[PDB]
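S.K.: First, the structure itself, so that you have it in front of you.
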Amino acid sequence: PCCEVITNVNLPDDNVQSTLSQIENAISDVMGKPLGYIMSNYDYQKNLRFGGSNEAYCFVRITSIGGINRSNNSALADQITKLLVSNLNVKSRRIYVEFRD
């Protein structure tokens, strides 16, 4: 699967790499998928806005094949949100996680 983090939070490369790594480990864990199938990215979009505001915000897009489990999907979004909250300085309310296939 694929996890694209689209955010206006400027994070240094090491913090980006470790964050994506923890996220991959959660995907692997929750979804039962070896790390060899997993793509991730942190796409820094300084002009990104939500709610009429350019304050820190993360849009997380998770693409799998996929579209199979709700409790896995719900638990994954929860882990990723928690991971992002913990690494980024972003309010939980300013993270949106979307699933697709």
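Labeling convention for the structure tokens: chains A, B, ... as they appear, residues from 1 per chain, ligands from 1 in order of appearance.
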Going by DSSP on the backbone, which bits of chain A are strand (DSSP E)? Write them as a ChimeraX atom specification, please.

M.R.: /A:2-7,39-44,58-63,95-100

S.K.: Atoms to include: N, CA, C and O atoms. Write the selected residues as a compact mmCIF listing (two decimals), in the first residue's frame.

M.R.:
# COMPACT_ATOMS: atom_id res chain seq x y z
N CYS A 2 0.15 2.44 -0.15
CA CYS A 2 0.75 3.76 -0.17
C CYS A 2 0.25 4.75 0.83
O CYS A 2 -0.97 4.85 0.98
N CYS A 3 1.13 5.48 1.50
CA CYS A 3 0.71 6.46 2.49
C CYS A 3 1.40 7.80 2.12
O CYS A 3 2.64 7.91 2.12
N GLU A 4 0.61 8.78 1.72
CA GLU A 4 1.13 10.07 1.34
C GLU A 4 0.70 11.02 2.47
O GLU A 4 -0.49 11.11 2.78
N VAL A 5 1.66 11.68 3.12
CA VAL A 5 1.33 12.70 4.10
C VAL A 5 1.48 14.01 3.34
O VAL A 5 2.57 14.31 2.83
N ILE A 6 0.41 14.78 3.24
CA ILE A 6 0.51 16.12 2.61
C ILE A 6 0.30 17.17 3.69
O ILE A 6 -0.76 17.23 4.30
N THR A 7 1.33 17.93 4.01
CA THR A 7 1.24 18.81 5.13
C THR A 7 1.97 20.12 4.90
O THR A 7 2.90 20.17 4.13
N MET A 39 4.78 1.94 0.20
CA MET A 39 5.32 3.22 -0.27
C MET A 39 4.87 4.29 0.70
O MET A 39 3.73 4.28 1.15
N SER A 40 5.77 5.20 1.10
CA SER A 40 5.29 6.35 1.87
C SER A 40 5.98 7.63 1.39
O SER A 40 7.00 7.56 0.68
N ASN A 41 5.43 8.78 1.76
CA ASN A 41 5.95 10.06 1.35
C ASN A 41 5.44 11.15 2.30
O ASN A 41 4.37 11.04 2.87
N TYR A 42 6.24 12.20 2.41
CA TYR A 42 5.89 13.37 3.20
C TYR A 42 6.09 14.48 2.15
O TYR A 42 7.23 14.71 1.67
N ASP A 43 4.98 15.11 1.78
CA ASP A 43 5.00 16.10 0.73
C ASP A 43 4.71 17.40 1.40
O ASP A 43 3.56 17.70 1.77
N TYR A 44 5.79 18.18 1.51
CA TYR A 44 5.76 19.47 2.16
C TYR A 44 5.13 20.57 1.24
O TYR A 44 5.73 20.98 0.23
N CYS A 58 -2.43 18.50 8.34
CA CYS A 58 -1.98 17.32 7.62
C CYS A 58 -3.14 16.59 6.93
O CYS A 58 -4.13 16.23 7.57
N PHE A 59 -2.98 16.35 5.64
CA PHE A 59 -3.89 15.51 4.86
C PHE A 59 -3.21 14.16 4.57
O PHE A 59 -2.18 14.10 3.93
N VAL A 60 -3.78 13.07 5.05
CA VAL A 60 -3.10 11.80 4.91
C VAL A 60 -3.91 10.92 3.96
O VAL A 60 -5.10 10.61 4.19
N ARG A 61 -3.26 10.50 2.90
CA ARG A 61 -3.92 9.64 1.93
C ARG A 61 -3.34 8.23 1.92
O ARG A 61 -2.14 8.05 1.69
N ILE A 62 -4.20 7.27 2.22
CA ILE A 62 -3.83 5.86 2.28
C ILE A 62 -4.50 5.01 1.18
O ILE A 62 -5.72 4.89 1.09
N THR A 63 -3.67 4.51 0.29
CA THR A 63 -4.18 3.77 -0.82
C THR A 63 -3.71 2.34 -0.68
O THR A 63 -2.52 2.09 -0.59
N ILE A 95 -5.86 17.03 11.33
CA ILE A 95 -5.39 15.88 10.56
C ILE A 95 -6.64 15.25 9.99
O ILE A 95 -7.64 15.03 10.69
N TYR A 96 -6.60 14.97 8.70
CA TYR A 96 -7.66 14.26 8.05
C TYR A 96 -7.02 13.05 7.34
O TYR A 96 -6.01 13.20 6.63
N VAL A 97 -7.55 11.85 7.61
CA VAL A 97 -7.02 10.68 7.01
C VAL A 97 -8.03 10.15 6.05
O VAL A 97 -9.15 9.93 6.43
N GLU A 98 -7.63 9.97 4.79
CA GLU A 98 -8.53 9.41 3.79
C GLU A 98 -8.00 8.07 3.25
O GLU A 98 -6.78 7.90 3.06
N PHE A 99 -8.94 7.14 3.01
CA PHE A 99 -8.69 5.86 2.38
C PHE A 99 -9.22 5.79 0.93
O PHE A 99 -10.27 6.34 0.61
N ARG A 100 -8.47 5.09 0.07
CA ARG A 100 -8.84 4.85 -1.32
C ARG A 100 -8.20 3.54 -1.84
O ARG A 100 -7.39 2.88 -1.14

S.K.: List the neighbours of residue A:36 out to 12 Å using only C-alpha atoms; skip same-chain residues closer than 4 positions along the sequence, and give me the result as a list in words.

M.R.: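 The contact residues come out as residues 1, 2, 24, 25, 27, 28, 32 and 40 of chain A.
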
S.K.: For those residues, write N, CA and C atoms to a file as a compact mmCIF listing (two decimals), in the first residue's frame.

M.R.:
# COMPACT_ATOMS: atom_id res chain seq x y z
N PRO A 1 0.80 -1.26 0.00
CA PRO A 1 0.00 0.00 0.00
C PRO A 1 0.82 1.30 0.00
N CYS A 2 0.15 2.44 -0.15
CA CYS A 2 0.75 3.76 -0.17
C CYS A 2 0.25 4.75 0.83
N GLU A 24 4.98 3.43 8.46
CA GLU A 24 5.08 2.18 7.76
C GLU A 24 4.94 1.04 8.75
N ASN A 25 5.56 1.14 9.93
CA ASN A 25 5.49 0.01 10.86
C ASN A 25 4.05 -0.21 11.34
N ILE A 27 1.24 0.51 9.46
CA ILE A 27 0.60 -0.12 8.29
C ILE A 27 0.88 -1.60 8.29
N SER A 28 2.16 -1.95 8.37
CA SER A 28 2.58 -3.32 8.37
C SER A 28 1.84 -4.04 9.48
N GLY A 32 -1.14 -6.25 8.28
CA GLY A 32 -0.58 -7.59 8.05
C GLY A 32 0.19 -7.66 6.72
N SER A 40 5.77 5.20 1.10
CA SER A 40 5.29 6.35 1.87
C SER A 40 5.98 7.63 1.39

S.K.: Excluding residue A:19 and residues on its chain fewer than 6 positions from it, collect all residues at most 10 Å away from it, counting only C-alpha atoms, and give them as number ranges by chain.

M.R.: A: 11, 13, 25, 42, 80, 83-84, 86-88

S.K.: DSSP on the backbone: what in stretch 4-55 of chain A comes out helix (DSSP H, G or I), as a PyMOL selection string?

M.R.: chain A and resi 13-31+35-37

S.K.: So how far away is atom CA of residue A:38 from atom CA of residue A:93, in Å?

M.R.: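 Taking atom CA of residue A:93 and atom CA of residue A:38, their separation equals 26.3 Å.
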